[PDB]
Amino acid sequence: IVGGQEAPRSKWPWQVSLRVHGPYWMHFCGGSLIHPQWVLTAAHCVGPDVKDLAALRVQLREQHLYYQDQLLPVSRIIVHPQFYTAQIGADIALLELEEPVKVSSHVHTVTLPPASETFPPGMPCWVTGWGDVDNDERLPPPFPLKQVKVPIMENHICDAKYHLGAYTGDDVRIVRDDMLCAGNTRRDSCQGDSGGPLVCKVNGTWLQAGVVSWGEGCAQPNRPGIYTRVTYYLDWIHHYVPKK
């Protein structure tokens, strides 16, 4: 997370760390607990190539990355059939936990938005994660969970900003309708934050607007971070994730 501060010990009870079997289960992406047995994350964290579930393990919310690990195995990985590359969109995926978790005040789910929310500019949205604090500036130990308040931005205004300084004709759409932009030159999600959540407090309830997807560098001018529009994949998600 570029900019921001260390999230208070009881702030994002839905945050989860996706780990791989390295020399040690090393954090490779984030995700959010949307149902006691399902995790929502970016497909590019686990695709397009098939991953062996043994190599994967989930860590629910924790204030400092490796200090109190309690790795949960995954039972099934579901990546969107249209996903190939983040720039092409559809960068989203579900990880089914082998066993349901026991929700509490410190670990409980995030609410998906209704298929009628647009998350216009002005909304108080936040991105959270344990990713780099700047370009090629990794998060120094003790790996505290950082949060940042980012500003939504009209896809159209965004798409345009992405053409400034580029050879790409304007008739060519860079920012797809299934994506959502947010951030500025000093506030942005970054490498290692992928799969994490962008949640906005709509009418008092934290809703998950998007999933950290891609971008051209961390907090670069005219290059806001791109997130997957949750509302665009609400149905697909529900094919697997029951309502309650």
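Whichever C-alpha set is largest while still superposing within 1.5 Å between the two forms counts as the rigid core. One rule holds for the numbers: they count along the sequence shown, beginning at 1.
- Of 161-169 and 122-130, the stretch whose C-alpha atoms sit farther from the shown form in 8 other deposited structures of this protein, after fitting on the rigid core, is 122-130.
- Comparing 210-218 with 47-55, the higher mean C-alpha B-factor in the PDB entry belongs to 47-55.
- In this crystal structure, the stretch out of 194-202 and 35-43 whose C-alpha atoms carry the higher mean B factor is 194-202.
- Of the candidates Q87, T128, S104, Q82, it is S104 whose Cα B-factor is highest according to the PDB record.
- Across the options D91, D132, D159, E98, the residue with the most elevated CA B-factor in the record is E98.
- Compared with the other modelled residues of the chain, the Cα B-factor recorded for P113 ranks in the highest third.
- Ranked by C-alpha B-factor against the other modelled residues of its chain, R61 falls in the middle third.
- Compared with the other modelled residues of the chain, the Cα B-factor recorded for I237 ranks in the middle third.
- When the modelled residues of the chain are ordered by their C-alpha B factor, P142 lands in the lowest third.
- Ranked by Cα temperature factor within the chain, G169 sits in the middle third according to the deposited record.
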